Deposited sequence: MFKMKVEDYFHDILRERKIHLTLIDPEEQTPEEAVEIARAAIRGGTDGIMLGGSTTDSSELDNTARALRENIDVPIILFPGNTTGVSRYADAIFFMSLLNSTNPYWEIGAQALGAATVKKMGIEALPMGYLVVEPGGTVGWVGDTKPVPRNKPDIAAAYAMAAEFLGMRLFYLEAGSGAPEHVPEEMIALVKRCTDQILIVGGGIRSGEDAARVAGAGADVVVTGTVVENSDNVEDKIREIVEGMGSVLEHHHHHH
């Protein structure tokens, strides 16, 4: 349960330091195990929990979101990969467009289908451009993307400027979960130079030095999974960001 608005929470943090978010996949473990992962990451210094996977079991995301809501005090932010990934127990939702998908369903179609449910639940919705970078991982394939090549910083900055002009105040550079190498520092730095978006970067950020370089390159938010204890992994990532 997080009363305050997540977006102002983000701005409060950013006047002193960078934000870390921990991504939890609801299928990958029980709600109770999710609570334990989340507590470990909070003891590691994480600033919030992103919740999202690939599930249509509505009760199952809800059981995780509700369990987290009753046991942690940092925001629960929905990060949906399907349209059913909206839960009333969460504090906010990254309402994103998959910008470099060639499939209209991932650009706007899923969003139109889910919009009414987001409105009726009254959950704070943060507008986000979502850009998959090479290699792109599972989301780059399932979302029918053309991953931005690592050597094309200019493509990423043009989509960010475009996305910002359309009103997406958050921008997410995604190398894909498990990516061997994280989003290049060259591309993070050019994007941050070109827009005033809250700049989010995820994928392949494993070590404290990975996080120092992503943070040093201009990322406002760093996103990581919990593959490794979990507390040590997160705290070392948080220390690298500092």
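J.: Write out the missing regions of the deposited sequence in sequence order, one range per stretch.
T.: The deposited sequence has unmodelled segments at 229 to 232, 247 to 256.
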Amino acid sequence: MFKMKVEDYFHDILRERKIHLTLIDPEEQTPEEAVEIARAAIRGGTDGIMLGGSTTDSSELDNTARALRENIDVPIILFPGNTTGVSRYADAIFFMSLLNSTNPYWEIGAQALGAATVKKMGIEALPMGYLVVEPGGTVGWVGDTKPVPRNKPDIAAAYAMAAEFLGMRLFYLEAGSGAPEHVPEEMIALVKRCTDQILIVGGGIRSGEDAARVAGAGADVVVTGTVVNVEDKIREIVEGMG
From here on, numbers count along this sequence of modelled residues.
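J.: For the C-alpha atoms alone, is the average B factor greater in 186 to 194 or in 51 to 59, going by the entry?
T.: Mean B over CA atoms: larger for 51 to 59.
J.: Quick one: higher average CA temperature factor, 169 to 177 or 25 to 33?
T.: Per the deposited B-factors, the answer is 25 to 33.
J.: Among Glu134, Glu164, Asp144, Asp154, which residue carries the highest C-alpha B-factor recorded in the PDB entry?
T.: Of the options given, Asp154 has the highest CA B-factor in the PDB entry.
J.: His20's Cα B-factor: lowest, middle or highest third of the chain?
T.: Tercile = lowest for this residue's CA B-factor.
J.: Once the chain's modelled residues are ordered by C-alpha B factor and cut into thirds, is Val222 in the lowest, middle or highest one?
T.: Lowest third, going by the recorded CA B-factors of the chain.
J.: Could you say whether, by C-alpha temperature factor, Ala41 belongs to the lowest, middle or highest third of its chain?
T.: It belongs to the middle third of the chain when residues are ordered by C-alpha B-factor.
J.: Give the position of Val74 by CA B-factor within its chain, expressed as the lowest, middle or highest third.
T.: For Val74, the deposited C-alpha B-factor lands in the lowest third.
J.: Using the temperature factors of the C-alpha atoms in this entry, rank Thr138 within its chain: lowest, middle or highest third.
T.: It falls in the middle third of the chain.
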